[PDB]
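Chains as they are written, first to last, in the deposited numbering: chain A, 1308 to 1357; chain B, 253 to 503; chain C, 2 to 1342; chain D, 53 to 329; chain E, 755 to 804.
No residue lacks a Cβ here, since even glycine has one placed at the ideal position from N, Cα and C.
Below is one structure, written out as structure tokens; comments come after it.
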Amino acid sequence: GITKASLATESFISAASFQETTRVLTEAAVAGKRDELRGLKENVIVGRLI
Amino acid sequence: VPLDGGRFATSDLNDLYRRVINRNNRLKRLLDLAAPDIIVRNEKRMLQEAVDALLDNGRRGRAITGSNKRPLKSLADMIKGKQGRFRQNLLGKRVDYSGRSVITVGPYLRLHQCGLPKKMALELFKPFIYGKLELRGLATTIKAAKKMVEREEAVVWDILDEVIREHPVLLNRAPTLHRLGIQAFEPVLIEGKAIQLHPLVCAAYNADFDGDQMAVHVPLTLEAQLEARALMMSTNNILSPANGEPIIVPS
Amino acid sequence: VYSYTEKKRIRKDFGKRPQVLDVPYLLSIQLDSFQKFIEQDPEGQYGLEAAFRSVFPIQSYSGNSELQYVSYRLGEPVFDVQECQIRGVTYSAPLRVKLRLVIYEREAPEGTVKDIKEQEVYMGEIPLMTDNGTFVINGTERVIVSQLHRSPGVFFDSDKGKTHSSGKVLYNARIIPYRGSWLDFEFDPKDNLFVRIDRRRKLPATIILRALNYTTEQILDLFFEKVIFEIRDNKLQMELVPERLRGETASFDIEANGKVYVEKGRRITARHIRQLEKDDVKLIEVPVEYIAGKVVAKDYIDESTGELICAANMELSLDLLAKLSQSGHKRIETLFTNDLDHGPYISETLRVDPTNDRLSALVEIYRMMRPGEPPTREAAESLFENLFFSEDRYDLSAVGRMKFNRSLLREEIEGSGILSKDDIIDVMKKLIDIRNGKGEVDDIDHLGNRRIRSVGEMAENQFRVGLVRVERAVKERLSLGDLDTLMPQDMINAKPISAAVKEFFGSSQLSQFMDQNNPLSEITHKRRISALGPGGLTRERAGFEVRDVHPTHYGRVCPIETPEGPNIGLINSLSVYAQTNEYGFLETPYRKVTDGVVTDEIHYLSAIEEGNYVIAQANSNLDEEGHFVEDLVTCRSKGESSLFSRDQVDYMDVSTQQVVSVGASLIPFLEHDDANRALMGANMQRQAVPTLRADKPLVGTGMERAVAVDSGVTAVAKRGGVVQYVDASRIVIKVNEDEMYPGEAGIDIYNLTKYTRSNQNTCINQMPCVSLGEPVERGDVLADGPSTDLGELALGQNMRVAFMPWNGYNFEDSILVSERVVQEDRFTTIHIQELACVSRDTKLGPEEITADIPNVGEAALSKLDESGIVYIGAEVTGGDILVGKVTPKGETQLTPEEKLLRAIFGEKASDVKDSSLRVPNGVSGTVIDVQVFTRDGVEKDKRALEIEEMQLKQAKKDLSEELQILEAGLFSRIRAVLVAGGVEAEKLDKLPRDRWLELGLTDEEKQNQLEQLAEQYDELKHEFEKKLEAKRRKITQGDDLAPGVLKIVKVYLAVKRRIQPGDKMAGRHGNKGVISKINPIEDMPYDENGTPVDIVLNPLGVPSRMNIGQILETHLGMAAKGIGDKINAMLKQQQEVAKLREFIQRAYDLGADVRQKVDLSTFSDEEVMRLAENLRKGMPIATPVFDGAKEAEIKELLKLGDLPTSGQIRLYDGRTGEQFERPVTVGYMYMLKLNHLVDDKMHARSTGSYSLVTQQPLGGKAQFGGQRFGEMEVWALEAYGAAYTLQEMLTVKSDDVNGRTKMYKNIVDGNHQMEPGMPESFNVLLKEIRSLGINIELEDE
Amino acid sequence: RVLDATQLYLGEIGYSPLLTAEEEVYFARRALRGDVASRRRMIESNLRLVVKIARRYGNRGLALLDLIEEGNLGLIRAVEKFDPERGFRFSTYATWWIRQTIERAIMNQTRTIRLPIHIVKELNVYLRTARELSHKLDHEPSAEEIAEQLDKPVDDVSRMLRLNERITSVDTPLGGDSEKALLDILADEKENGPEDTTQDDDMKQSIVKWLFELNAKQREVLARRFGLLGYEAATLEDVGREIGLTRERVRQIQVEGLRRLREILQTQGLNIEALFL
Amino acid sequence: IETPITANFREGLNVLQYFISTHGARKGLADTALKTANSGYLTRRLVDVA
RNA sequence: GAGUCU
DNA sequence: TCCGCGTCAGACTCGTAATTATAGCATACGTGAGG
DNA sequence: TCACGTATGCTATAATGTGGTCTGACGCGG
Ligand SMILES: [Mg+2]
Ligand SMILES: [Mg+2]
């Protein structure tokens, strides 16, 4: 449902920007997660072309 | 940094770093001095308290209040909150070549036009004026072009008229609920301080002229100009993307 | 019978309900409250007296030394309001307090015969309230808003469900003191009573009773009714109380005497109960099996062994009954606990209670507040007694004790501030009563439970905090020091008290910049009630119940005045007639109805008192000097409204206006307006900027005059008499002998305030109302304030308005105005702006205010004089220098280009920069005034010195004219006394007045009068000298500024702003608009008579808005002006005073049942033509709120003007000349120009300065800011295609540092290419995440 | 649920032994001789004394724990330099040391900009004087009034009271609500706007074009002096190191290059146009 | 409310009818200020998910 | 803190 | 079942800029200028 | 080798366990 679905996206930059940023970054930091920037929010954050 | 008043102003991270360093160095001292263990323990508790306040203040219980009584803003607090850095400085920003003013009707306008105050447009298209001024050889350099604009010379108005021709401007109204809350128009230079809005698009903006204001934004690049003229122009966004119906409807 | 200022212009009244009580002083709350705080009362603990007696006397820890309070005194204010406002200092009085250090011997027992040292010590300056109701804090007028909080006392509330999906209503009591810890009682789902001290961890409620020394059997005897069980022969018997069973089901066959009443297993109805009671049933035989479960009350022991058979509060069994019988007990007291009405709550709470005795209970309480720290008995007794039973840490206050006692149904109002053991038990009792079903929950939103704290209470509290901080310091120093050398003033510090009070009057939420746009803004701001700030609600905390209109708001709080915003419902304007009771509850006036006849006896009833009586409505029809006309009168009681008989009616609403606040009372046809629109109307009247010509409202209500007078902005005559001298600066009135006291000279001087700056940079100008040699009474308006006509409040300007479309120029509320409005300079507004230039001292050296400024045109320096200051009167425009200032620059390592450039012009211009104060860009005005503040040590500017020369000579002139007019007025009286019994008319005038000290007459009362006038003359003579020395000292006095600051130059500009497209205008029915176009006169719709309309408003912004008031205002406005046009026509043709008198009398006495009578006649001819000359620009009419003009009265008035009954007219298009195809509504709407001018809101930016950390452009027009491109706005570009526009906005337009400069260069080069980069905000984000100790790396391609 | 660092530590201190006079003498003799246990026991037993002074030293600079810790440092110096041979009690001597170390730490750590004890001590005298003035003058001390009383310089008194001025938080939102922090108002003064940076680019580019418009020997000593083309900004006399090797001829040629360039700016359209700037 | 307002705006409300009107009015106005937040929060959750 | 559009 | 932690629309305008308290004097530590 | 701001150092009556705001709400884990 919406909130969890947005946090379940395999981009942690989108998950962090949404909500719960502290929790998202600890879980990503421990998993050694790698965000390849497929989404729009991710590209807007790094200031790139959508 | 020094305020004008001669006073200084600093981040709270400096107060949190100074807490950590004082207690850490005091711990080094009490270890060099072979202190009894009760006192060593107290200092180790205080050191962990200071680092935990520096990383995330308020999570480890009662947050450390600074000068007013407000809790010191820690590292995590600058990232986390809506106000953090994500929502405020990264998912949205303050922008150059941006202006605002009260809106008012322009019933004389065609659908693809908007009244843009002379003085507002003068300021927004400053680099574009400087550029044409030097190509005509009327301005010897940029600083002389700036002073000609400051003096608001009569030839400058004629150049400004030439730049604005066929150059689209974005009008935005808060709140931007759906995409038609931003639309592009071809501007029409007008004497007076109020923006003139076409009636038929007042529906999309939910614009009523009892003091509402609008943001103006200048698409700079050829690409941005083309995306404004083709995709975001008033004329080209007639139907609501929500339901098939025309949003551009008389009222 | 009308006053002199009313004889000049009378408002026609359409009201019909006679006002038994007049509108009170509107700024009553602020003045009474603060007056109580400073008021010296010996007994009545109010403000300071209370504060000192509460804290003092402070005795040392050793007990040898003590400091005791005698009395206090306020020194006179160092600077007047005027000098405070200019200089930027707080208007305050020094607080000097007499204190006596008394010392005891330690060797003698309590010998006070050692050292008593008494001296008057300084403890802070207290800010003083102005006569108007304001405080001047750091040279700024501020108002401290009254607060609304939960009254101390008890409150019984209940979570309605919330906790436990079980959905159980858990009842709770909260005891709230004025000072101390809170005492909570609450129920648990399992019906166990719990105590939370200071809302800490939960404890069983019975534990607190053990701490108060209650045995188990005593507790049970308190809450429970006992039931006696007699064991006779072999059968069990129990003493019956006929009712108790009642609504129970009979578990056994109940037999009384020998005869069976109840059938076993049937429910006992009322008949059985009355049968048993009348038969006098006291014993009933019962089975032994019924006691299994009954709770024993007392401890029962074996008289043989002396050991406990059963402890108190223990569940009985068949075997314990048997053991009890054989021991020799044939009587057993058991608890009455039948569920339903009598619940066993405390019984079950004792079983949950882990504690046994008093000590064990005190230890557990101690362990809750201080968990970990070992108990001691001394510590636990001390802590528990210091919680709710210490006079120093606990105080319910008079209001707390009073509300507490009334809630527990006591007779006595007054009592102890500390909680008694009986108090706590009574509270627990009531809690449990409410749980059982008898008794009800108190309402928090009910105004009987919400109390008002104005200023004096709040100043008192902060002042007590200051004293408490001082008490620690004082007690500490009394113990340490030797007692005999050490005097009291070395122990006291003033800075803590001064700091506590300074923080209240300056930092506090309730202390806010006075809203000074206009008189109504001020008056409404001063009567504000806020539920916010300290000790109150928060926006987060605030729900929906508190915000909504409560029934009790009737007559106390306005239902239709609340900010439309986050503060909606927490901020409330006070009602008109409302006032604070002695305890601080709100109360409203009501007319007593005795034997059905409605007396003029008027009673102010509190929220709680109101519920009890039936109050008739104000509109209820009274019969000519007695009772109600109608049999069934419409009234209200128990918070709800219906019809009642005449005998039932107790009271009646005093006025129809008492429901409404001040602001809303100024709305004419409020009755016909939707409450939402009316709210915004009352809210926008506060935003109305006063125009150059203050125009009265044609359609008023009558509150207009009350508001103008009570606001204080008008000069009103105290003494009256005849005006001796008018001037555009001053009014001197010669007082009449009847009010004129024979002591001092009887000449009043009112100095008028000329064109001064407001807080919103509007203009404050007082002009004289009366002419030279006019007779005036007490309470006549002598001079008009900024937005006031002859005594009436004038917020804007009435205009000929027509409702009809124009060519889309009035699309959505957009307004089409005639050029004639601009020409007539109506809604032209005056803005006085204050700009300061500060000369500071830096590490490099002091800044210079010379006219000698590097790199500046002769054009610019022309306007600056010798010192570097602009001339008075000089017109200035953006970029012009006002005060020239240069700053010392430390050794400038230049770029080679600058080395070359500085070599070429040789204008090295010394080691100095340019930091001059120049006019902000686009603002343009005339310099009206200049002020210079210098330090004491530093040598004065030439310009500063000539300013002091002006102030000195002007001061000398002012004081000289005081002594001259006062001496002339005083000898004019001596001359009349000397004639009394000594005719020397021509002989006294010839010899000089200066040689009149010799002159007397025979020793009578008249010789004593001569002595009074002679002693006053000489008193004034020396007084004039010491006044002049004071003025001279203040003018020479070098002002102490902030550290670093050598001098400050304040420039005052006057800007005339014209009305223009984008400017915001509204009416008083919440009808707003922005001006779209200014139409040439020729173009505007015009009458058959040829007269053009001023404003064209859109018809379609009325039926949707449901503010029909504006249309009624327009019809009546035209009728008012119709009669003004008739009077204008009769005055143009001179005509007869008799004929004018006829028409005007017929006019005033028009209305069907007009309350106001006007028996013209008595008016003299001269009074009548001055009156007609004012009525000519339209006869002003008053439509009270809810007792306004009827449609039929308006049409009747229109017929008197020969205007149409429809109030629609034929109009002709100015452009074509052709007629409009249907009649158009035209008339006069009173319109307001609000503070929201396009001039102030227009802003534009291409490139500017950038933020420190984020590198993004700044926000706000004051910081030359870029508009915020928010998430919402980004998503719009995402929905479109627009990827380049978005990247632009993210990168070269915001953070990207390299990108923005590179793209600027490209745009001047005409390349229009982006060349994007990396936004600096993201670089920061990375650094902030690495600072958290998370490795966040960019992985390359 | 004892979680608080303070309550834990104070629990541990109470749980110590309290020392007597004869016990203090026995342990103190062993302590100076260099006993491990004696030093530990004397310190642990006298922690209570630190707290009494540390509790009456709060609300001034650091927190209770911070003060307690630094106060404990004074206790250690006290035990190190205690004289048991003197009949006078330990508590008396220790009180001095504990107050000394607490005060010194409060004078240094408290102030964000580290203020030297010399200025701080002077400040103390200025403030105590202000207090005595305030009691008799119902108003507050002026800078000049304080200076008159101490017979010291007005400028020196003003410098000191300036250093009293405490620091405002940048992160703190000001407009009552969390509307805007001060950081967002205050711009980067060191970073030039793109407008200003672009103007310098135009000037630097024009110079290169202006260097190929004058004489070859008029732009070889005018630019190598200012450090425009060269690497180091030399002076009239230092241009001799290259090839010029002159003082008179260098100064005539420097100004000759500038005079011909002044007419190049009067004709192109600057001179007095670019004079204001 | 059990008692309706019998009158209309042309007729004019009396003190009691107007006071009773206020309830609904102010709850409406408070609704715009306070409820807008949950509407907008739903927009933002939807946007983040899609 | 008090406001202005929704 | 109860406590803990997590969210809570979007811009815009103004306006201002505080308080406390820590002793006093003699040797110790560092750099620059002058003899 | 001082001149001048900065820094460290010691004082001996006895003294030896600390001490502002108090009310949201509806969801979702642990
Ligand atoms: Mg609308
Ligand atoms: Mg609107």
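From the DSSP output, read off the bridge partner residues of residue i.
i       : result
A94(C)  : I127(C)
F136(C) : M130(C), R143(C)
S421(C) : Per DSSP, none; premise fails for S421(C).
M653(C) : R592(C), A617(C)
Taking 7 Å as the CB-CB cut-off, is residue i touching chain B?
i        : result
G1267(C) : yes
Indicate the three-state DSSP secondary structure (helix, strand or coil) for residue i in the structure shown.
i        : result
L342(B)  : helix
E546(C)  : coil
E75(D)   : helix
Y1087(C) : strand
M403(C)  : helix
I324(D)  : coil
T428(B)  : coil
Any C-beta of chain D sitting closer than 7 Å to the C-beta of residue i?
i        : result
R1301(C) : yes
Using a Cβ-Cβ distance cut-off of 7 Å, determine whether residue i contacts chain C.
i       : result
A157(D) : no
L376(B) : yes
Please tell me whether residue i has its Cβ less than 7 Å away from any Cβ of chain A.
i        : result
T1255(C) : no
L1291(C) : yes
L343(B)  : yes
Would you mind working out which of the options sits nearest residue i, comparing C-alpha positions?
i       : options                              : result
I816(C) : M1085(C), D549(C), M429(C), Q1038(C) : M1085(C)
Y26(C)  : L1042(C), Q580(C), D651(C)           : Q580(C)
With a threshold of 7 Å between beta carbons, is residue i in contact with chain E?
i        : result
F1187(C) : yes
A1315(A) : no
* Asked: Looking at chain A, which residues of the stretch 1257-1287 of chain C have a Cβ within less than 7 Å of any of its Cβ atoms?
  -> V1275, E1279, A1284, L1287
* **Near-chain D residues of the stretch 55-80 of chain C - C-beta to any C-beta below 7 Å** => Within the stretch 55-80 of chain C, the qualifying residues are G76, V79.
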